[PDB]
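Analysis of the macromolecular model
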Amino acid sequence: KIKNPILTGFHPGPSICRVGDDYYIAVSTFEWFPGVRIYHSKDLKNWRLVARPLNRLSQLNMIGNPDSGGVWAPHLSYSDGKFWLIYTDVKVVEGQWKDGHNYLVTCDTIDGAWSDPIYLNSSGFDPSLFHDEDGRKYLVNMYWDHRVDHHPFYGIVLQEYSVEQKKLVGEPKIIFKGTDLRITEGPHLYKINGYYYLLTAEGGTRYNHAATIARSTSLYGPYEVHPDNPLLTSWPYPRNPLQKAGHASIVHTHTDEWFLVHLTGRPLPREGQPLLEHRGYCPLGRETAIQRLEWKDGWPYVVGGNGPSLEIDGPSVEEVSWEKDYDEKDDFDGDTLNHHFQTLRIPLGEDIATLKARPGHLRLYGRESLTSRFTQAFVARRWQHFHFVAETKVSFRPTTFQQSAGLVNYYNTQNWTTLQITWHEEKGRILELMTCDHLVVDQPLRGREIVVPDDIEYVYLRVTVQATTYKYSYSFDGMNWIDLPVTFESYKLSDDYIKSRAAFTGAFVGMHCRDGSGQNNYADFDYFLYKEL
Amino acid sequence: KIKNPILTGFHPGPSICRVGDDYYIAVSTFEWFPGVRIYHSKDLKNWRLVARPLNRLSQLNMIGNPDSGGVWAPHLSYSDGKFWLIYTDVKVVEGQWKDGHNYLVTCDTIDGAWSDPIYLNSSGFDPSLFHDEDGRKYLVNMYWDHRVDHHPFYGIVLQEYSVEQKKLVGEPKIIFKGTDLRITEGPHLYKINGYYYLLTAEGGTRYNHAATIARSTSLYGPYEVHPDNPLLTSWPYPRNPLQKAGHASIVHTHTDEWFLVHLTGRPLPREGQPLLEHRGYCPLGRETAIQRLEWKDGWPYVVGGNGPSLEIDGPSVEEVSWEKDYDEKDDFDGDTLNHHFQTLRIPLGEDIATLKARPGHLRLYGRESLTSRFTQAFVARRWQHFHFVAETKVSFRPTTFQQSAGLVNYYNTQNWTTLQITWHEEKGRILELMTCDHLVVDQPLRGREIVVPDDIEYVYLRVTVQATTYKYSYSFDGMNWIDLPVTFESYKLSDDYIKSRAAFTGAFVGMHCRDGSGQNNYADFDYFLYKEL
Amino acid sequence: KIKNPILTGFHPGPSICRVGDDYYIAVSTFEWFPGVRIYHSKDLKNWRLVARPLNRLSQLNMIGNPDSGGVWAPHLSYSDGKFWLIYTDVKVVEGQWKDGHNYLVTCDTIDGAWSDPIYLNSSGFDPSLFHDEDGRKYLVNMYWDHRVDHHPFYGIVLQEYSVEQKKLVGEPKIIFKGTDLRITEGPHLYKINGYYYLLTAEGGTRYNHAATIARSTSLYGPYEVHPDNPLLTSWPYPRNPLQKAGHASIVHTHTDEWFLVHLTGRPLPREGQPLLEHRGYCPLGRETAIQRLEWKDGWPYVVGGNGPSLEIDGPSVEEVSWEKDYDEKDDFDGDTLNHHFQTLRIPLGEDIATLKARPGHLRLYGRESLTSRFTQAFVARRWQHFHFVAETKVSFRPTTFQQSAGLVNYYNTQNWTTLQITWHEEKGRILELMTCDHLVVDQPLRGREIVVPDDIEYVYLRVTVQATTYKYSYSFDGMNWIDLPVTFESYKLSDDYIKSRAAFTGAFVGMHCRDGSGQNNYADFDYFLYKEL
Ligand SMILES: [Ca+2]
Ligand SMILES: [Ca+2]
Ligand SMILES: [Ca+2]
């Protein structure tokens, strides 16, 4: 019935929410704007994007945010007639500190205009809101320990949230320290039968990842741990195509069934490599998957052992499928950018990105370079398949090497490749390749660049991704294409390749314009094509 | 008569400006807020702070800015009855790119309300506005080349500025590539006798720094180089107490005398070390110095070789000294903080830094860690002498290790030391030392932290700097002091120690409060003392 | 009945050999001289050193050998009335190459003058000699692939050795490529029932280490792999005190029982640390353990699951205990140094190390520094316990800072600590601490070294090791002891801490003398004590 992952490409930190017979997953968006994606389903198999809640600077201001900063795992719940969304803005992602803030916004409907944030606390990420039977509300999050002699993951902190006062009240208490896996995060609370169940993520979001669960009769513990913990992990299953299984959330359907959504990474093919030495590279980042649960002696169990199954049986409901929500060839005739497109850190106004200046075109006025955490004229969508083609057609007339426009495959400010139009003193208007690998830049077509003929209005730019490797090609007519003589490697656009380990996103493909002279020179993109192959 | 440096501690990129018999110097402030510091003098010997122009968000918004980003060398000039101030907001300081923006603001007076900014260009830093004899206006700045096979310093660009239209007009053109020293920056135009003189900086701002001068009868050149170039350098003079002499600007006095202001580094004592292996560590960063000029066959010459003299002869005017503009022991008696105090990146509002919550105290509401480029509750002043004592007295009751308050010696987010009050599970409220060295944190007193007794209202914190080393000490009563058994080295808070090369500021000393839990806990500082020794 | 590890401290690559009811284990010695240790047992429980075969330069010349080069896993067998020992001299241990040569030496008795080496091949380390029932002899070893785009572990090469001709004959052929674990290493061949069994080490000698076994009816393959492979591994057992379980060799007893000897690492205690993030630091290096086997459908199985047991049941033989073979307090009254003492790389003559010069003393004439891979006057023994005291008493009169003598805890040339006597210009003869971490040297008592009175003939030096930490102490009278106030960490002398990953030995403790001036100055050591707890 259901083949995993249900949300492919960059979809980490899934939070699942039942409202009667409708089902929602919110996922993390990190430095990508707007913040948070929410998908809806009737059958837990087919999913459509229904909301992008954090779209006002008053809710989310990420200017200058570090790569993999911003919106970490969000938490979606529904109570007292409305949806409650908890989210982070993480400012510091390397070193002894992890400075970041937790906020609450609400809405009566999933896709309405959500409130402005209520500040909660800053003590650690992965905040979650629990709505207890007695009407009381409680916030759980991880508690961060910066000290040199200590492990940073101090445990799970709980504090009561007063709806009326719009603040946490009483005193914060640590209710759980974790198991020896440590790196205890992603807390979620569930009242099931006579117990409070505390779900956590442990072992860290790489290959040691796990979901741990514990129970207590008191909300403040002590929590006894599942006798066969972890509840879920891929660590002991180095051949399982789904790796890094953890950061889960429990759903109890109206049909009286139990399911567990979680993140996972799907490494590239590794045949010929030591099984255990390095466990793989995931260009699609961390994706969302689902597992069935069954109950024994008051403990849930992942059906089919504690590793993730590639295929599961969905709940006992009618299949409800959805119509495709993007054009394979986006001609840019719409009056609002398709909802699979996102921007870096900030909203781009009409002065930077516009469908109005030239109907049928996305116009990007040139801003800062691909290494800037501030203002980039860059519109991009997720790699969502191992095998795909992406294509654009652009008119751009640069007058200086400081200006560029092109097709970009992008992980972060220091890790990307592009096929771009720029200008050269002797050759004039040119096509080139450019890579950035940990801030180190290469120009592979150095002194060998494609001269673009004066009479050519539109350059056609394409990338063809074939799992491990990909290639850029170009055309001056849309019919006759020419390969550029460089093979690129997808593993360099993956979480696992990044040396900082603040690497929580996934690969994007998009359209970029830079004008480092500040002459407000723009590029006109006639269309954007993305097609699974 | 005049002993260099004239402006001590962090004072780089000096821009001198004459208005009648009044003399102004504008210096760069980088990430420190508010932006730009302007000093006034009557004799060029004695200098007083009179303006801090960039104090509104509309003019300067630096949240998230990299360390040593922001306001690089500024340009101050006077024409048509008003002051003209050109400044940068530099966003990228590492890698192939140096993304940054150039802005103009004006004021009828030096210390009034400066206009909101007019956007100029982004083609490169070190902007300077030239006021030609015909009433036409011209902007010069360096032109940035990002390409792998290229030297970044493409030379000096020039473009006319239209006052009426509030933008640059016509086509920008390179007017000078520089000499073989390269790293051509800090361009300044002067129309003297029959020639346009172009003053630049070359060799980079380290020990190869120079001031280059060229001339032409045509504004657009080509320019011919001084026959005994450079005009000023420290490179050939390893025994000079003033290194890195470059980035100059020229003044013509009302007494028909000529002077050259420039930046300089003052290395710490390095006796018994190889003269040329490593030329030193400057914790006071780049300071401002002044050289006399003489003329020979249409070319200016620095009086006493092209190396910087430690002492010069002032201009033919009566000496005007200024009263001390701060208290050695600042009791926080005003309704405003003393103007030697700055904040990181952003203004701090009363919600973070206030003299109104506890009379005669600076209260700091705890924000993010010392490693955050966003919101730090931190108020600091420059190290301005090699030997000094600094001290503060603070009331603070932390309820968690996520909370701290202390005395901080600080270079950047990743380089600093501190004597701070925090909380410990066993020991309760404690004093500890903490250092950060390229993001790597040490706690020198780990396991032996100072227990602060419950009846102590105030803890006194002191640093005593003695050139190459410094020590922290504490007191519970203000009378009996105890040294902490750790000697710190001042070279670790110096330009030359930082391994990023983007190290353009200097050491500061100040008061910090962090609340990582987000409970809005605060510290009350009764006084802040700074005293030269 | 038998408690693991059976061979404690640095004892890797064990090769077990049965001769009647006599059992022998040979282990690797790498850069430590003489080469190879052979231990004897009657019961497989109690083990005593009986031979150090490679004691002549014709056999083993290792001057300048890199750290963790030289004698890797040896192979010991018995056939046709004599003992056969196969060994390596590995010359290159980092990079694409692993340059090293395999040699064969023989002896009629375990402890006799072994022959001079017969050169065998150079194609890869882990040589092993197999004696087929029909009286033919074949050499197995790993085949090394240096190529950029290739996994370096090509598989197992096999070739017949001609006894008469003193050389290998025929064509070499690959009989096994390995499993997906790769890093296929440590080949041993056995003829059991109708099958040849090929035992290998896979997964590398760190935490993914395994014992792999396969079978064929032909010597040359193909080999079908054990259906529940690995035969032995610690990888899935992160809580097991015995880690890195692998590099096995099989023994069939005279009692018709089956056991497996293997290497193992015991990580230091790491309570509070994430279970899986980093699996530990092993200052005792790789030790020798023993497991029991049983048979099932023509395949051997480790009794107690495929992980290693801490305690096993020994073979049904009468126990034979051995006398302690060293003095807790070695007064140096013997004619030869105790056989638990080794030297680095080369044997030392009476001109360097002598028990004869001063009666009741070991005299070491000072040679080169602790960072020298050539001539060190160094005599050391293994750390063999997590808790121990080691102690010496030394007479030394340095006349220059170039001269030192002391007590050393030593991993390799770039990683060690010492308490040592040297000379200072003002203070004179002093006691100091020195450490070396990846070639980086520190002196934690600089400016506060202990002045040794001129009337003191002997300085007493002690180290007390307590698992994760150790402390040096001293005495002038041998009754009153002063701790030096520095706490050292044992993990810095562990396999796992070393960056090069050529880290194949373990911590030693010993006596050193340097004379960097070449004046042949010496130190007289009165005793050396080593005592568990
Ligand atoms: Ca179109
Ligand atoms: Ca006061
Ligand atoms: Ca003796």
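Residues numbered from 1 in each chain as written, not as in the entry; some residues may be left out. Chains lettered and ligands numbered in written order. Part of a larger assembly, values for the part shown. Heavy atoms only, no water.

In the PDB archive, X-ray crystallography is given as the structure determination method for this entry, at a resolution of 2.150 Å.

Identification of chain A as beta-D-xylosidase from Geobacillus stearothermophilus is taken from the PDB entry.

1. Observations concerning the overall build of chain A
Broken down by element type, chain A carries zero helices and 41 strands. Computed over C-alpha atoms, the radius of gyration of chain A comes to 24 Å, within 12% of the 24 Å expected from 2.2 N^0.38 for 533 residues, which places it in the range of a compact globule. When the backbone C-alpha atoms are referred to their principal axes, chain A occupies close to 75 × 55 × 55 Å. Sorting the 533 residues of chain A into buried and exposed places 66% on the buried side. At a minimum sequence separation of 6, the contacts of chain A that also span at least 24 residues come to 59%. When the accessible surface of chain A is summed, it comes to about 18,500 Å², and 47% of that surface belongs to carbon and sulfur atoms. Each charge sign in chain A was given a centre, from 54 positive and 67 negative side chains, and these centres are 2 Å apart. (Helix = DSSP H or I, 4+ residues; strand = E, 2+ residues; numbered from the N terminus. Rg over C-alpha atoms; globule rule 2.2 N^0.38 Å. Buried < 20%, exposed > 50% of the residue type's maximum accessible area, 1.4 Å probe, protein only. Contact = heavy atoms within 4.5 Å. Areas by Shrake-Rupley, 256 points an atom, 1.4 Å probe, with all protein chains shown as cover. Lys, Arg positive; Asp, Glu negative; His and termini not counted. Charge placed at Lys NZ, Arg CZ, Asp CG, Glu CD.)

2. Considering the pattern of salt bridges
Two side chains of opposite charge can pair, provided their charged atoms sit close to one another. In this structure the tally under the stated criterion is 77 salt bridges over all chains. Note that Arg397 of chain C and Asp454 of chain C form a salt bridge whose closest N and O atoms lie 3.1 Å from each other. Residue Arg397 of chain C is located in the loop between β31 (387-396) and β32 (403-412), and its partner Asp454 of chain C is located in the loop between β36 (450-451) and β37 (459-466); the two are separated by 57 residues in the primary sequence. Look at the salt bridges and you will find they share partners, linking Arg358, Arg363, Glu457 and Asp524 of chain A into a network. (Salt bridge = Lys/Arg side-chain N within 4 Å of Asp/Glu carboxyl O.)

3. Some thoughts on the side chain of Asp515 of chain C
Residue and element names in this part refer to chain C. Structurally, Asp515 can be placed in strand β40 (residues 508-515). Within the buried core, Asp515 has no salt-bridge partner, and the shortest N-O distance to an opposite charge, that of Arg514, equals 7.2 Å. Of the polar contacts made by the side chain of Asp515, one reaches the backbone nitrogen of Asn521; its length is 2.8 Å. Apart from residues lying up to four places away in sequence, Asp515 is in contact with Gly366, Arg367, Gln402, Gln403, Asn520 and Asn521. (Polar contact = N/O pair within 3.5 Å; in protein donor to acceptor, adjacent residues only side chain to side chain.)

4. Here we look at the relation of the copies chain A and chain C
Turning chain A through 179° and shifting it by 0.2 Å along the axis lays it on chain C, with an RMSD of 0.2 Å. Seen this way, the second copy is the image of the first under a two-fold rotation axis. Of every C-alpha in chain A, the one belonging to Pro236 of chain A sits nearest the axis of rotation, 3.2 Å from it. With an isologous cut-off of 70% or more, the 95% of interface residues of chain A that recur at the interface of chain C puts this contact in the isologous class. (Least-squares fit on C-alpha atoms.)

5. Focus on the interface of chain A and chain C
If you look at the interface, chain A gives 19 residues, while chain C gives 19 residues. Here chain A and chain C share an interface that buries about 1,600 Å² over both sides, 56% of which is from carbon and sulfur atoms. When the buried surface of chain A facing chain C is broken down by residue, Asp180, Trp235 and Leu276 of chain A rank first, second and third, together holding 37% of it. Here chain A is connected to chain C by four salt bridges. (Buried area = accessible area lost by both parts, 1.4 Å probe.)

6. Points about the sheet that holds strand β14 (residues 167-176) of chain B
Residue and element names in this part refer to chain B. Within the open sheet, the four strands sit side by side as β11-β12-β13-β14. Their pairing is antiparallel. Edge positions in the sheet fall to β11 (128-131) and β14, since each of these pairs with one other strand and no more. Averaged over all neighbouring strand pairs, the angle between strand axes comes to 30°, with direction disregarded. Bridge count for strand β13 (residues 153-162) against β14 is six bridges, and the pairing is antiparallel. Note that in β14 the partner of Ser162 across the bridge is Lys167. (Pairing = 2+ DSSP bridges. Axes fitted to C-alpha atoms, helices over the stretch in contact; angles between N-to-C directions.)

7. A word on the coordination of the calcium ion (ligand 2)
All names here are of chain B. Coordination of the calcium ion (ligand 2) by the protein involves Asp331 (O), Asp331 (OD), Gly360 (O), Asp526 (O) and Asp526 (OD), with metal-donor separations of 2.2 to 2.9 Å. Residue classification places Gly360 among the partly exposed residues on the basis of a relative accessible area of 25%. Note on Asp526: relative accessible area 13%, which makes it buried. (Donors = N, O, S within 2.8 Å, 3.2 Å for Na, K, Ca; no water.)

8. Observations concerning the environment of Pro241 of chain C
Residues and elements named next belong to chain C. With respect to the secondary-structure elements, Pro241 resides in the loop between β20 (232-233) and β21 (243-252). Separated by 25 residues in sequence, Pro241 and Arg266 place their C-alpha atoms 6.0 Å apart. The residues touching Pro241, leaving out its near neighbours within four places in the chain, are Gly265, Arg266, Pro267 and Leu310.

9. A look at the interface of chain B and chain A
Interface size is often expressed as the accessible area that is lost when the parts come together. Of the residues lining the interface, 48 residues belong to chain B; the matching set on chain A comes to 49 residues. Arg446 of chain A serves as the salt-bridge partner of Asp149 of chain B, at 3.9 Å between the closest nitrogen and oxygen. Our count for the contact surface shared by chain B and chain A stands at 25 residue pairs in polar contact. Breaking the side of chain B that touches chain A down by element, the ones donating at least two residues are β12 (137-144), β32 (415-424) and β34 (440-442) of chain B.

10. Points about a nonpolar patch on the surface
Judged by side-chain polarity, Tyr143, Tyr154 and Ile174 of chain C come together as a nonpolar surface patch covering roughly 240 Å² of accessible area. Mapped onto the fold, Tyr143 of chain C is located in strand β12 (residues 137-144). (Patch = residues over 30% accessible without salt bridge, like charges linked within 9 Å, V, L, I, M, F, W, Y side chains within 5 Å.)

11. What about the relation of the copies chain B and chain A?
Between the two copies of this chain, the relationship is a rotation about some axis together with a displacement along it. For the pair chain B and chain A, the best superposition has an RMSD of 0.2 Å and corresponds to a rotation of 180° with a translation of 0.0 Å parallel to the axis. In this assembly, 100% of the residues forming the interface of chain B have copies in chain A that are likewise at the interface, indicating an isologous arrangement.

12. Brief notes about the sheet that holds strand β22 (residues 286-296) of chain A
Residue and element names in this part refer to chain A. The strand order across the open sheet formed by four strands is β20-β21-β22-β23, and the pairing between neighbours is antiparallel. At either end of the open sheet lies a strand with only one pairing partner, and these are β20 (243-252) and β23 (299-302). This sheet shows a mean twist of 35° between the axes of neighbouring strands, independent of strand direction. In this structure, β22 lies alongside β23, joined through four bridges in antiparallel fashion. The residue of β23 that forms the bridge with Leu293 is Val302.

13. A look at the nonpolar core
Ranked by internal contacts, the top residues of the largest apolar core, which has 52 residues, are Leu362, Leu364, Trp383, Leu431, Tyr472, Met511 and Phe528 of chain B. Not counting residues within four places of it along the chain, the set of residues in contact with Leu364 of chain B comprises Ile352, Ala353, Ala377, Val379, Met511, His512, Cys513, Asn521, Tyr522, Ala523 and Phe525 of chain B. In this structure, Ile352, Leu355, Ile456 and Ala467 of chain C belong to the second largest nonpolar core, which totals 51 residues. (Core = buried A, V, L, I, M, F, W, Y, C linked by side-chain atoms within 4.5 Å.)

14. Some thoughts on the domain arrangement of chain A
All names here are of chain A. Split into domains, chain A comes out as domain 1 (1-325) and domain 2 (326-533). Distance from the C-alpha centre of domain 1 to the C-alpha centre of domain 2: 32 Å. Across the boundary between the two partners, domain 1 contributes 43 residues, which contact 43 residues of domain 2. Here domain 1 and domain 2 share an interface that buries about 3,900 Å² over both sides, 59% of which is from carbon and sulfur atoms. Looking only at domain 1, the three residues that lose the most surface to domain 2 are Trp32, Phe33 and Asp325, adding up to 19% of its buried area. Between domain 1 and domain 2 we count two salt bridges in total. Across the contact surface, domain 1 and domain 2 share 22 residue pairs in polar contact. (Domains from an automatic or database assignment.)

15. Brief notes about the packing of aromatic side chains
Geometrically, a pair of aromatic rings is defined through the distance of the ring centres and the angle of the planes. Counted under the stated rule, the structure contains 122 aromatic pairs over all chains. Ring geometry for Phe30 of chain A against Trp72 of chain A: centres 6.0 Å apart, planes inclined by 45°, an arrangement best described as tilted. Remark: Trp72 of chain A occurs in the loop between β6 (48-51) and β7 (75-79) and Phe30 of chain A occurs in the loop between β3 (22-27) and β4 (32-33); sequence separation between them is 42 residues. The residues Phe30 of chain A and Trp72 of chain A share a single accessibility class, namely buried. Aromatic pair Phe125 of chain B and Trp144 of chain B: ring centres 6.3 Å apart, planes at 50°, arrangement tilted. Taken together, the residues span a long stretch of sequence, with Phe125 of chain B in the loop between β10 (118-119) and β11 and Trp144 of chain B in strand β12 at a distance of 19 residues. The exposure class of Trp144 of chain B is buried, given its relative accessible area of 8%. Here the aromatic residues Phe10, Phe30, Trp32, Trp72, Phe125, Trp144, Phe153, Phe378, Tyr410, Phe504 and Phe508 of chain A are joined through ring pairs into a cluster of three or more. The cationic tip of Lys324 of chain B hangs over the ring face of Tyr326 of chain B; the distance from NZ or CZ to the ring centre is 4.1 Å. Note that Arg381 of chain B overlies the ring of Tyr530 of chain B, its terminal NZ or CZ placed 3.9 Å from the centroid. (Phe/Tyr/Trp six-rings, centres within 6.5 Å; stacked < 30°, edge-to-face > 60°. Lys NZ or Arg CZ within 6 Å of the ring centre and 35° of its normal.)

16. What to know about unusual backbone geometry
Between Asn4 of chain A and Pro5 of chain A the backbone carries a cis peptide bond, its omega angle lying at -5°. Tracing the sequence through the fold places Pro5 of chain A in the loop between β1 (2-3) and β2 (15-19). The amide bond that connects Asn229 of chain B to the next residue, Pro230 of chain B, takes the cis arrangement and shows omega of -5°. One non-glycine residue, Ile183 of chain C, lies in positive phi territory at about 50°. Note that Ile183 of chain C resides in the loop between β15 (173-176) and β16 (185-192). Of note in the backbone geometry, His247 of chain C takes a positive phi value of approximately 50° without being a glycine. Inspection of the secondary structure puts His247 of chain C in strand β21. Judged by relative accessible area, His247 of chain C falls into the buried class, the value being 7%.

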